[PDB]
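Asks: Starting off with a structure, shown below.
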Amino acid sequence: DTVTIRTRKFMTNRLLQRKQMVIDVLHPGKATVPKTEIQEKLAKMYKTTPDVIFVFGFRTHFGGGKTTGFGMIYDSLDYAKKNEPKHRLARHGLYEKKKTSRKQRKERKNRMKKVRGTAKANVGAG
Amino acid sequence: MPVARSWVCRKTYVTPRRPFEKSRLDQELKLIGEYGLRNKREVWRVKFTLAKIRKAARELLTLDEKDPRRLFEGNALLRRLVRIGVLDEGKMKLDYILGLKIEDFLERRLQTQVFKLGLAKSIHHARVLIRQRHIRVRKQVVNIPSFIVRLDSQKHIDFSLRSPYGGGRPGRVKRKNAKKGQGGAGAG
Amino acid sequence: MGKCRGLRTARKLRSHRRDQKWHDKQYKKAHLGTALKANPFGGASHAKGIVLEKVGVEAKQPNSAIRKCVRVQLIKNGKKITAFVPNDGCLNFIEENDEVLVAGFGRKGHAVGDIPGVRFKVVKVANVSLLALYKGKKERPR
Amino acid sequence: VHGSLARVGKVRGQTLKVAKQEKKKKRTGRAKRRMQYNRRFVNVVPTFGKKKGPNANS
RNA sequence: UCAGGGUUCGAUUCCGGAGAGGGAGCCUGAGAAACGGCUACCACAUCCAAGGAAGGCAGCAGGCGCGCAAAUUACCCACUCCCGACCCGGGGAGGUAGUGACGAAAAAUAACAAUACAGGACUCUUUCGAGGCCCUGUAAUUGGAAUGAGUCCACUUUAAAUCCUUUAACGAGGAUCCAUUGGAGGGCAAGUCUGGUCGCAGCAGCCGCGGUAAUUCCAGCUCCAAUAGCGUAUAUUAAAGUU
Ligand SMILES: [Mg+2]
Ligand SMILES: [Mg+2]
Ligand SMILES: [Mg+2]
Ligand SMILES: [Mg+2]
Ligand SMILES: [Mg+2]
Ligand SMILES: [Mg+2]
Ligand SMILES: [Mg+2]
Ligand SMILES: [Mg+2]
Ligand SMILES: [Mg+2]
Ligand SMILES: [Mg+2]
Ligand SMILES: [Mg+2]
Ligand SMILES: [Mg+2]
Ligand SMILES: [Mg+2]
Ligand SMILES: [Mg+2]
Ligand SMILES: [Mg+2]
Ligand SMILES: [Mg+2]
Ligand SMILES: [Mg+2]
Ligand SMILES: [Mg+2]
Ligand SMILES: [Mg+2]
Ligand SMILES: [Mg+2]
Ligand SMILES: [Mg+2]
Ligand SMILES: [Mg+2]
Ligand SMILES: [Mg+2]
Ligand SMILES: [Mg+2]
Ligand SMILES: [Mg+2]
Ligand SMILES: [Mg+2]
Ligand SMILES: [Mg+2]
Ligand SMILES: [Mg+2]
Ligand SMILES: [Mg+2]
Ligand SMILES: [Mg+2]
Ligand SMILES: [Mg+2]
Ligand SMILES: [Mg+2]
């Protein structure tokens, strides 16, 4: 058999420039569907493209089949690069959280507190 | 100390005061055997729910009729008791609530209704059917032998749409004893 | 033969009940403070101590046996109590100068059974229970 | 009596050892309760006067 | 906890108060007698080149001591909100994972046919006797199915992970993919079964068991109770119309 999608409580949002709805996946079949496939079907359903369509939170019911999540369709890629929590952009390459570790940031800041003026030993020399 | 948690919970049963009472013992064992229950905690549970229903009914019954609170809560308790079918629609008044019995609630279980409706060969077969994911209530597969079946839901119990007993691929035993013809006597 | 029934006597009734509660034995024992002081435990359920030496308490007349108690000194107080080692041949598991954990005997203040002067029993010998040594589930560490 | 009649562990230290003769696995959960129901409510053979305690050795 | 009346508890996540080793005195500030601020005395205690300098975990982790008695020196600001000059920074507040039988909810550990025997209803037979519908035992080889505990591919989950849920591929014959804790004189459900000890060892909340034929001790077999739980010590409530 094959996957189906249907949509619930659809709403167009002109204040964040998007469309948001609840997504139900029907799949009498063999696993909860990958996100990358669901955004294809949403693209061919709402006729835009599979790069402004962000979907999240899918969970599948006891006894399989019906599975439910939330979806967003942004009217452009700049607005989609705008609001979009940065962890969700990083789900498909559009952002990259570059840092190391919270304890390093912490212990560094506390060494920079003990020098005055140009802090060369820690703005450069770690 | 502050946390976003909830601590609300309760017990659902009460032990008997007299621990070793031959009559109570054999009456509760009769009841365990004829409904195919696992424990006596599963009898004390139903006893507790029946006792609480009785307490609420007797509490409403001491108010004077035409009292709005009695009217509201009585018409609600009666409707909620008929919704599961442990009360006749032709009685529907707080006087008949004090005439129920423990085996009106044990009747309405799912294990009982799966055997009694004819999907199983005994109650001890019905429990292992339900607990092995063979049974479906509408579209839901229900794993729980204590699922109290509402009235309108009585028509809809049948087998799961992916299970050997009806429109399902055969289990792992019918597929190695069949592989016995290929990998047990044809390949080894 | 008489008690004030009247409508403004709440003070007399309340004060008389408060005055007479002090004649109930258990109430006074719990609310005076002399028992919590005289209790060899600090008001606790169990207590650890050191074994001084084993003893042979002889039972009371209608029975005859030698009950084989021990003499313990408590860590937190320094008090010296007598404790009972209940089982067949469980006195062999308790050497001298080893710390044992004792508990109560089951009557909250009193001697149980035919044993005179004993009010506690020994439950742990050295971080290991007298019921695992009695069944072989464990053994002493040396 | 021979030597220190007040010795500890005397009777448990002279009891003949017996090995356990066990084999068959006992049933558990619902299955035990099913067996106990059968063994007293439907597997029955009645008489007047007589006593029938479940462990009667007599 | 509780028939009606009451009794006991409230260090503890919400509101109010108080304190930052013990007292005391102040600066700045709208707001402090502030301790993640300062100044002295007392008690402790750290470094010293002996002149001097520095301190306050009843914050989050962790350690010693005390005890009958209580967890990781983990990840993250993604959620909830707070602060700032601020849509952008920061938060051991808080969120997430670990230890966790404090405690609360759901419910695996065997289901089903055959044969053999047994019982019951029944049919005829003067009666024996037989057949036959239901059930239960029981043993044997079976006999076939059914399934989740476990190993484990991918998705899903989330800040990133785990867990659950969804799913492949393997995964049961009962000898192991082996249920325990208490008891069997009475109160109080269950044996006058068999060996050992002989007022000893021990048992026993209470009454009471043991002195050569032990229903109570030590064991074997059998049986009873609750059951993934059960026993014990103590505080307390009902029983107590013994406040
Ligand atoms: Mg007097
Ligand atoms: Mg007295
Ligand atoms: Mg009341
Ligand atoms: Mg308080
Ligand atoms: Mg205190
Ligand atoms: Mg605390
Ligand atoms: Mg106020
Ligand atoms: Mg301190
Ligand atoms: Mg200001
Ligand atoms: Mg201050
Ligand atoms: Mg502060
Ligand atoms: Mg300072
Ligand atoms: Mg501090
Ligand atoms: Mg700390
Ligand atoms: Mg210690
Ligand atoms: Mg603890
Ligand atoms: Mg400790
Ligand atoms: Mg945040
Ligand atoms: Mg930020
Ligand atoms: Mg915290
Ligand atoms: Mg529980
Ligand atoms: Mg098991
Ligand atoms: Mg959790
Ligand atoms: Mg046992
Ligand atoms: Mg015993
Ligand atoms: Mg015995
Ligand atoms: Mg008894
Ligand atoms: Mg009896
Ligand atoms: Mg003998
Ligand atoms: Mg004998
Ligand atoms: Mg009381
Ligand atoms: Mg009294």
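Following the order of the structure tokens, chains are lettered A, B, ..., residues in each are numbered from 1, and ligands are numbered from 1.
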Please determine the contact residues of chain E with respect to chain D at a cut-off of 12 Å, counting only C-alpha atoms (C1' of nucleotides), and supply them as number ranges by chain.

Replies: E: 107-111, 118-120, 135-137, 174-176, 178-180, 184, 189-202, 215, 217-224, 226-228

Asks: Please report, as a VMD selection string, each residue of chain C to which DSSP assigns alpha helix (DSSP H) when run on this structure's backbone.

Replies: chain C and resid 10 to 20 25 to 31 34 to 38

Asks: Please check the contacts: residues of chain A at most 9 Å away from chain B, using only C-alpha atoms, listed as an mmCIF file with N, CA, C and O atoms, in the first residue's frame.

Replies:
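Writing the result to selection00.cif gives the following:
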data_model
loop_
_atom_site.group_PDB
_atom_site.id
_atom_site.type_symbol
_atom_site.label_atom_id
_atom_site.label_comp_id
_atom_site.auth_asym_id
_atom_site.auth_seq_id
_atom_site.Cartn_x
_atom_site.Cartn_y
_atom_site.Cartn_z
ATOM 1 N N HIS A 61 0.570 6.621 16.423
ATOM 2 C CA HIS A 61 -0.323 6.136 17.472
ATOM 3 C C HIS A 61 -0.057 4.685 17.861
ATOM 4 O O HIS A 61 0.551 3.927 17.113
ATOM 5 N N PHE A 62 -0.522 4.255 19.029
ATOM 6 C CA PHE A 62 -0.445 2.849 19.401
ATOM 7 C C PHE A 62 -1.206 1.993 18.377
ATOM 8 O O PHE A 62 -2.320 2.332 17.984
ATOM 9 N N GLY A 63 -0.617 0.901 17.907
ATOM 10 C CA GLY A 63 -1.209 0.067 16.865
ATOM 11 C C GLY A 63 -0.948 0.548 15.436
ATOM 12 O O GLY A 63 -1.548 0.042 14.492
ATOM 13 N N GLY A 64 -0.049 1.509 15.257
ATOM 14 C CA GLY A 64 0.432 1.950 13.956
ATOM 15 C C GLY A 64 -0.585 2.740 13.152
ATOM 16 O O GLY A 64 -1.623 3.148 13.662
#

Asks: Could you give me, as a PDB file with C-alpha atoms, in the first residue's frame, the residues within 12 Å of residue 94 in chain A, counting only C-alpha atoms (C1' of nucleotides) and dropping anything in the same chain fewer than 2 positions from it?

Replies:
ATOM      1  CA  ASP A  51      12.477  24.103   0.436  1.00  0.00           C
ATOM      2  CA  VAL A  52      10.049  26.497   2.178  1.00  0.00           C
ATOM      3  CA  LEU A  77      13.173  31.590   1.416  1.00  0.00           C
ATOM      4  CA  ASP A  78      14.179  34.981   2.995  1.00  0.00           C
ATOM      5  CA  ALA A  80      11.970  31.311   5.920  1.00  0.00           C
ATOM      6  CA  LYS A  81      15.605  32.225   6.766  1.00  0.00           C
ATOM      7  CA  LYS A  82      14.251  34.978   9.067  1.00  0.00           C
ATOM      8  CA  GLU A  84      12.723  29.854  11.815  1.00  0.00           C
ATOM      9  CA  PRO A  85      14.435  28.747  15.088  1.00  0.00           C
ATOM     10  CA  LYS A  86      18.093  28.194  14.210  1.00  0.00           C
ATOM     11  CA  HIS A  87      18.059  24.512  15.244  1.00  0.00           C
ATOM     12  CA  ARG A  88      15.363  23.840  12.612  1.00  0.00           C
ATOM     13  CA  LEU A  89      17.342  25.551   9.825  1.00  0.00           C
ATOM     14  CA  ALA A  90      20.268  23.275  10.732  1.00  0.00           C
ATOM     15  CA  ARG A  91      17.969  20.219  10.000  1.00  0.00           C
ATOM     16  CA  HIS A  92      18.715  20.974   6.325  1.00  0.00           C
ATOM     17  CA  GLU A  96      25.621  25.944  11.405  1.00  0.00           C
ATOM     18  CA  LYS A  97      26.104  26.343  15.206  1.00  0.00           C
TER      19      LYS A  97
END

Asks: So that I can see what lies close to residue 140 in chain E, please list as a PDB file with C-alpha atoms (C1' of nucleotides), in the first residue's frame the residues with an atom at most 12 Å from it, counting only C-alpha atoms (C1' of nucleotides) and leaving out residues fewer than 3 positions away in the same chain.

Replies:
ATOM      1  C1'   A E 114      -5.992 -35.756  20.233  1.00  0.00           C
ATOM      2  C1'   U E 115      -5.606 -39.992  22.727  1.00  0.00           C
ATOM      3  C1'   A E 116      -5.909 -42.641  27.872  1.00  0.00           C
TER       4        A E 116
END

Asks: Using only C-alpha atoms (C1' of nucleotides), find which residues of chain B lie within 8 Å of chain E and jot them down as a ChimeraX atom specification.

Replies: /B:1-3,9-11,20-22,124-125,128,132,171,173-174

Asks: Save out the residues we just selected, N, CA and C atoms, as a compact mmCIF listing (two decimals), in the first residue's frame.

Replies:
# COMPACT_ATOMS: atom_id res chain seq x y z
N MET B 1 13.83 22.92 43.88
CA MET B 1 12.48 22.66 44.44
C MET B 1 11.34 23.00 43.47
N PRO B 2 11.15 24.23 42.95
CA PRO B 2 10.15 24.47 41.91
C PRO B 2 10.40 23.63 40.65
N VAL B 3 9.41 22.89 40.17
CA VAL B 3 9.52 22.07 38.95
C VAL B 3 8.19 22.03 38.23
N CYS B 9 -2.02 11.70 42.10
CA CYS B 9 -2.24 10.28 41.87
C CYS B 9 -3.10 9.74 43.00
N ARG B 10 -3.61 8.52 42.87
CA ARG B 10 -4.30 7.84 43.96
C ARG B 10 -4.24 6.34 43.83
N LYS B 11 -4.47 5.63 44.93
CA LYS B 11 -4.82 4.21 44.92
C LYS B 11 -6.18 3.99 44.27
N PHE B 20 -8.08 -13.48 56.74
CA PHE B 20 -8.33 -14.90 56.49
C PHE B 20 -9.77 -15.20 56.88
N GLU B 21 -10.69 -15.00 55.94
CA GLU B 21 -12.11 -15.26 56.15
C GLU B 21 -12.57 -16.22 55.06
N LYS B 22 -12.87 -17.46 55.44
CA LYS B 22 -13.07 -18.53 54.47
C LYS B 22 -14.15 -18.19 53.45
N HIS B 124 -9.92 -17.75 29.18
CA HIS B 124 -8.47 -17.89 29.26
C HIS B 124 -7.79 -17.83 27.90
N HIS B 125 -8.49 -18.15 26.82
CA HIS B 125 -8.04 -17.88 25.46
C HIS B 125 -8.25 -16.42 25.13
N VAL B 128 -5.35 -14.03 26.44
CA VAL B 128 -4.12 -14.07 25.64
C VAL B 128 -4.34 -13.56 24.23
N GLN B 132 -2.17 -10.14 23.08
CA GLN B 132 -1.22 -10.38 22.00
C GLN B 132 -1.56 -9.56 20.75
N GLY B 171 2.13 -15.72 11.08
CA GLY B 171 3.13 -15.47 12.10
C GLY B 171 4.42 -16.23 11.86
N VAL B 173 5.71 -18.69 13.20
CA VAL B 173 5.70 -20.15 13.30
C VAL B 173 5.21 -20.78 12.01
N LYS B 174 4.15 -20.25 11.41
CA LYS B 174 3.70 -20.72 10.11
C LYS B 174 4.64 -20.33 8.98

Asks: Would you name the residues within 10 Å of ligand 19, counting only C-alpha atoms (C1' of nucleotides) and all ligand atoms, and put them as a ChimeraX atom specification?

Replies: /E:77,88-91

Asks: Those same residues - N, CA and C atoms (P, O5', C5', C4', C3', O3' and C1' of nucleotides) - I'd like them written as a PDB file, in the first residue's frame.

Replies:
ATOM      1  P     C E  77      23.986  26.271  24.455  1.00  0.00           P
ATOM      2  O5'   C E  77      23.183  27.185  25.488  1.00  0.00           O
ATOM      3  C5'   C E  77      22.284  28.197  25.083  1.00  0.00           C
ATOM      4  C4'   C E  77      20.851  27.689  25.020  1.00  0.00           C
ATOM      5  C3'   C E  77      19.910  28.842  24.736  1.00  0.00           C
ATOM      6  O3'   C E  77      18.750  28.414  24.060  1.00  0.00           O
ATOM      7  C1'   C E  77      19.490  27.932  26.896  1.00  0.00           C
ATOM      8  P     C E  88      16.661  38.962  20.768  1.00  0.00           P
ATOM      9  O5'   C E  88      18.030  38.848  19.964  1.00  0.00           O
ATOM     10  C5'   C E  88      18.502  37.591  19.489  1.00  0.00           C
ATOM     11  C4'   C E  88      19.913  37.691  18.961  1.00  0.00           C
ATOM     12  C3'   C E  88      20.973  38.080  19.987  1.00  0.00           C
ATOM     13  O3'   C E  88      22.210  37.454  19.649  1.00  0.00           O
ATOM     14  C1'   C E  88      20.925  39.688  18.265  1.00  0.00           C
ATOM     15  P     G E  89      22.691  36.129  20.417  1.00  0.00           P
ATOM     16  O5'   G E  89      23.379  36.673  21.745  1.00  0.00           O
ATOM     17  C5'   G E  89      24.718  37.144  21.737  1.00  0.00           C
ATOM     18  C4'   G E  89      25.120  37.683  23.086  1.00  0.00           C
ATOM     19  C3'   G E  89      24.891  36.753  24.267  1.00  0.00           C
ATOM     20  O3'   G E  89      25.931  35.806  24.434  1.00  0.00           O
ATOM     21  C1'   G E  89      24.027  38.885  24.774  1.00  0.00           C
ATOM     22  P     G E  90      25.682  34.384  25.096  1.00  0.00           P
ATOM     23  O5'   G E  90      25.239  34.728  26.588  1.00  0.00           O
ATOM     24  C5'   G E  90      26.168  35.168  27.550  1.00  0.00           C
ATOM     25  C4'   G E  90      25.465  35.397  28.882  1.00  0.00           C
ATOM     26  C3'   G E  90      24.718  34.159  29.324  1.00  0.00           C
ATOM     27  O3'   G E  90      25.579  33.206  29.889  1.00  0.00           O
ATOM     28  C1'   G E  90      23.451  36.117  29.687  1.00  0.00           C
ATOM     29  P     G E  91      25.090  31.709  30.116  1.00  0.00           P
ATOM     30  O5'   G E  91      24.043  31.803  31.314  1.00  0.00           O
ATOM     31  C5'   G E  91      24.436  31.943  32.654  1.00  0.00           C
ATOM     32  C4'   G E  91      23.178  32.131  33.489  1.00  0.00           C
ATOM     33  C3'   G E  91      22.398  30.844  33.605  1.00  0.00           C
ATOM     34  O3'   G E  91      22.909  30.066  34.667  1.00  0.00           O
ATOM     35  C1'   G E  91      20.949  32.715  33.193  1.00  0.00           C
TER      36        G E  91
END

Asks: Compute the set of protein, DNA and RNA residues whose minimum atom distance to ligand 16 is at most 9 Å, using only C-alpha atoms (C1' of nucleotides) and all ligand atoms, and state it as a list in words.

Replies: residues 69, 70 and 102 of chain E
